[PDB]
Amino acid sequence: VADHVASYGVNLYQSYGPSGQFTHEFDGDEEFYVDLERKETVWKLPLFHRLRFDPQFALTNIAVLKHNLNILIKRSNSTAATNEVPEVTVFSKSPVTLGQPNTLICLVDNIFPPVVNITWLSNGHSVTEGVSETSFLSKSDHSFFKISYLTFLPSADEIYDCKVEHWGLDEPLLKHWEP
């Protein structure tokens, strides 16, 4: 029980890539993430601010996880992660009126392990412009969910499809959406 719940330290390291993820979360919303490849602090606050954060903290803390991971892999007889079945839902940020700017939201829920392909398909064609997704945000069951955004112009002739790919799926799942 609490009024707020923050996660000042969501650290991630999987042996797949190998890849990782460092994010700060407040009330289930991502404040910033550290690009572990580019060594940079990429803020997500929808405000103006002069806060700062050395990405070497993330690089060091995640490097401690890589060390601890190799040990727990040996102590567990190589007990690997179980590929969970993701849950996808496509909806709009605002009520759809035709001809006026809107944003499509693709919400993949219950993701584990954190490896996924999220691509938008307009009439069966890969969409590249105006698309952006979030980081892997932490769930309470220690799984993850991701969210992709596609700003578009809703008209009566463009059908859309969010295509998700995961190891828990034996088939690339497509989610439909019509204006």
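Quick note: we count residues from 1 along the sequence shown, nothing fancier.
ask   = 90-98 versus 74-82: which one carries the higher mean Cα B factor per the record?
value = Averaged over C-alpha atoms, the B-factors run higher in 74-82.
inquiry  = Which is higher on mean Cα B factor in this entry, 59-67 or 37-45?
reply    = If you average the C-alpha B-factors of 37-45 and of 59-67, the larger mean comes out for 37-45.
request  = Classify residue 166 as lowest, middle or highest third according to the C-alpha B-factor given in the PDB entry, relative to its own chain.
outcome  = Its C-alpha B-factor belongs to the middle third of this chain's values.
ask   = What third of its chain's C-alpha B-factors does residue 151 belong to: lowest, middle or highest?
value = Ranked within chain, residue 151 CA B lands in the middle tercile.
key: Chain thirds of CA B-factor: placement of residue 120   = Highest third of the chain for residue 120's C-alpha B-factor.
message = Lowest, middle or highest third: which one holds residue 30 when the chain's residues are ordered by CA B-factor from the entry?
response = For residue 30, whose C-alpha B-factor we compare with every modelled residue in the chain, the answer is the lowest third.
ask   = Lowest, middle or highest third: where is residue 132 by Cα B-factor in its chain?
value = As the PDB entry reports it, the C-alpha B-factor of residue 132 lands in the middle third of its chain.
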